């Protein structure tokens, strides 16, 4: 991993020790990237709902993962499921249960630093994973990206600054998540997010993440070329808000 400090250093060290599991995937890879493009073709708003019990940027929400996923199956373009345990109170059990239950694309959100986490995602039924430029070297990003591709996954590459974006383009990213939330400071900077969006080539699918709460925001971002919209805490507290946001 890169040179880190504080909680990011901690989460990375914990991820390195994350026990791997054994399971048989019994699910095709269903592409998140492709379904986003299809939603764009059909002029229907593509919202990726996040399932997360805890986060550094919210109060804890205890709710049933299956009930959540099955509700979102009707409305969301895909789901992101937290499997990081210490800071997000996720588990691979949430992923297994959700993947067995729904037929929409699933992205596993964790702090991926070793190949066995990708094995875990695959074996549990996730369609793809995020890779986080903030915590990985160029070399690690290229190796993990190729490894995920060997399972037929196309990882989303997660960025929040220019240096991160340049590395995402260097590795041949095809789908990028531009998060407005800095992982270290928890600052939301939407000016910076828009600037990053403007710099992504047109053939890369662009997902805007964090700070999205209104249909008017989604409309403005779509006009700037954003393809889909990742939304977490507000849906965790009020899942049916998604019906307003897609209207």
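Positions refer to the first chain, counted from 1.
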Fill in the blank from the handout: Higher avg CA temperature factor (168 to 176 vs 89 to 97, as deposited) belongs to 89 to 97
Fill in the blank from the handout: In this crystal structure's PDB entry, the residue among 194, 206, 181, 27 with the greatest CA B factor is 27
Problem - Ranked against its chain, the third holding the CA B-factor of residue 102 - result: highest
Completion exercise
Of the three thirds of the chain ranked by Cα temperature factor, residue 127 occupies the lowest
Practice task
Could you tell me which third, lowest, middle or highest, the C-alpha B-factor of residue 44 occupies within its chain?
Solution key: highest
Fill in the blank from the handout: Chain thirds by Cα B factor, record data; residue 69 belongs to the middle
Problem - Ranked against its chain, the third holding the CA B-factor of residue 116 - result: middle
